[PDB]
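Here you get one chain, nothing else, as C-alpha cells; it is the form deposited in one PDB entry.
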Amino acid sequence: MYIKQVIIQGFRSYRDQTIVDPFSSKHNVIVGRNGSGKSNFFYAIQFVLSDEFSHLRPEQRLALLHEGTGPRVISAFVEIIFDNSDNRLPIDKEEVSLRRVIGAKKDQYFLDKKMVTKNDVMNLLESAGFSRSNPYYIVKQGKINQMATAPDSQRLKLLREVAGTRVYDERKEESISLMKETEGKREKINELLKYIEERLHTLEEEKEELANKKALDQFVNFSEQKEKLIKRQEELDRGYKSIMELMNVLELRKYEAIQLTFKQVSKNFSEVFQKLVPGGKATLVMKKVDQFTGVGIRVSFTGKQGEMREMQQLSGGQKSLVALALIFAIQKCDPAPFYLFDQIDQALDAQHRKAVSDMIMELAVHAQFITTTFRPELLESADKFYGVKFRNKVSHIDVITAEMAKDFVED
C-alpha cells in the first residue's frame, strides 16, 4: 500500500487546513525555498507513523502546535490515507484513513474515523509490512552526514540493529510468556480429562451390572464426546513439541544473524555502488558480543585499482554517495512500501546527482517515493511535482508542472 493523500491542520508552519493533491504511486518530488515547509510536511507523516513520536513529552506537544500571530491553536491533527488496493492493510476497504490529533493533555488516533489505541496502530502497521523496527523508510540529510562521517564502530552498531537480533529476542520473550501461560491451561485440561475419564469408567460398570437413568441412556454420547477432546489434547501435546523444535532452530539462527546480514548487505552494497558509479568498486570490511569491533568501507571510484581508499580518506561528497549507497543496500535487505527522502543530493555534484536520480527511477516501479531537492536531476525521474510556498504566516503546498519545478531550481 502507498500514501494516497495527506491532510494537515494546526501542525507547525501549517496553520490553516491543507489537503495535498493525491500522490503518484511512484516518485513524488517537492521543491520550495528555505524555511518554506518541506521538512515540516515530512514531520507530519512521522507524527502519525514513526514509532519515536508515539510517546511525546508535554513540551513536544507544544513544539507542534502552530505558534504565531493569531489565536495560538490548542489542537492539531494529521490524516494519512493509504491506498489499500493490495489488501496489505488487513481491512476490507479500498482506502484506510488513519489520523492522529493532539493538544496539551490530549492524544488519540482514529482508524477510519473510530478511536483506537496507540498500540492498535503500531500493530495494524507492522502487519502491512511497515516495521517499527525499520528507521529507513525516511532519510534526512542529518542521517547522510551522520553516516558519512561515522566511524567503523558506529557502522557495526548498525548491522547488529539490522539483523533484528534484538527484536527477535523481544518477541522470543513475548512468546515464552504465553507458552507458559498456556502450559497452565494444559494441566487444567489434562486434569478434567482425568475426572471425565474415570467418571465415565464407573458409569460403564454401572451399565454392565444391569445384565441415575438419563446419564445411563447417553453414556455412549459422553464416551463419544470425550474421545473427541482426547483427540484435541493430543493435538496440543503435539503442537507444543512442534513449537519447541521451532524455538530451538531459531536460537541456532540468531547466533548466525550478524554474520548473515553482513554478507547480504555487503553483496547489496557493492551492487548499489557499481550502478551508482558505473565502473566503480566498493566493499564492506569486518574488523577487530564478539571480536567484531567495526565495519569499514573500502571504495575505489577510480575504476578499481591500487586507488582503493578507506572511507574517511574519501572526498566529502564521495562519502555522501557511499553513505547513500549503504542506505540503498540496507533497504533492499528490508523493503518498505514507501520511502521519504529529505534533501539527499545536497552534497553531490551534478553527475552523482543524476546517478542517484536514475537509481530512484528504478526503485519507483516497486515502491512509493516522496522527496525534496534543490537541483533539476531528481526531477526527471519524477512523476508528480509539488511546490511549497510560504504566504501569510503559513505554508501552502500545491501541484506544479514539471517546468514550474525546473524554472524554480535553475533561475
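We call the rigid core the largest set of C-alpha positions that still match within 1.5 Å between the two forms. For every residue, the number given is its place in the sequence shown, counted from 1.
**Q** Does the comparison with other entries of this protein show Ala323 left unmodelled in at least a third of them?
**A** No, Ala323 is modelled in every one of the other compared entries that cover both of its flanks.
**Q** Looking across the other entries that model both neighbours, is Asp86 missing in at least a third?
**A** Across the compared entries, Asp86 is modelled every time.
**Q** Does the entry skip any residues of the deposited sequence between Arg232 and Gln233, and if so, is it 1 to 3, 4 to 9, or 10 or more, or none at all?
**A** The entry leaves nothing out here.
**Q** In the deposited sequence, how many residues between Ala211 and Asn212 have no modelled coordinates (none, 1 to 3, 4 to 9, 10 or more)?
**A** The entry leaves 10 or more residues without coordinates here.
**Q** What stretch has the higher average Cα B-factor here, 376-384 or 58-66?
**A** So the stretch with the higher mean C-alpha B-factor is 58-66.
**Q** When the C-alpha temperature factors are averaged for each of 47-55 and 352-360, which stretch ends up with the higher value in the entry?
**A** For C-alpha atoms only, the mean B-factor is higher in 47-55.
**Q** Of the options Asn268, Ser133, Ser242, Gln331, which has the highest CA B factor as deposited?
**A** Among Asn268, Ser133, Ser242, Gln331, the highest C-alpha B-factor in the entry belongs to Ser133.
**Q** Which third, lowest, middle or highest, does the C-alpha temperature factor of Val116 belong to within its own chain?
**A** Top third by C-alpha B-factor.
**Q** Using only modelled residues of the chain, where does the Cα B factor of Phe219 rank: lowest third, middle third or highest third?
**A** Its C-alpha B-factor, which the entry lists for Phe219, ranks in the middle third among residues of this chain.
**Q** Among all modelled residues of this chain, ranked by Cα B factor, put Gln313 in the bottom, middle or top third, i.e. lowest, middle or highest.
**A** CA B-factor rank for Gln313: lowest third.
**Q** Ranking every modelled residue in this chain by its Cα temperature factor as given in the entry, which third contains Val73?
**A** Within its chain, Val73 is a highest-third residue by C-alpha B-factor, going by the deposited values.
**Q** Hey, what third does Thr401 fall into on Cα B-factor, ranked over its chain?
**A** For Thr401, whose C-alpha B-factor we compare with every modelled residue in the chain, the answer is the middle third.
The form deposited in another entry is left out here; the points below concern that form.
**Q** Which of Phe110, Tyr240, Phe222, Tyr136 has its C-alpha displaced by 2 Å or more between the shown form and the other one after core superposition?
**A** If I go through the list carefully, the shifting residue is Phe222.
**Q** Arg166: after superposing the rigid core, is there a C-alpha shift of 2 Å or more between the shown form and the other one?
**A** Where the cores coincide, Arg166 shows only a C-alpha shift between the shown form and the other one that is less than 2 Å.
**Q** I want to check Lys254: does it shift between the shown form and the other one by 2 Å or more at the Cα, with the core superposed?
**A** Yes, because once the rigid core is superposed, the C-alpha of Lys254 moves 2 Å or more between the shown form and the other one.
**Q** Rigid core superposed, CA of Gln154 - does it shift 2 Å or more between the shown form and the other one?
**A** Shift at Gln154: 2 Å or more after core fit.
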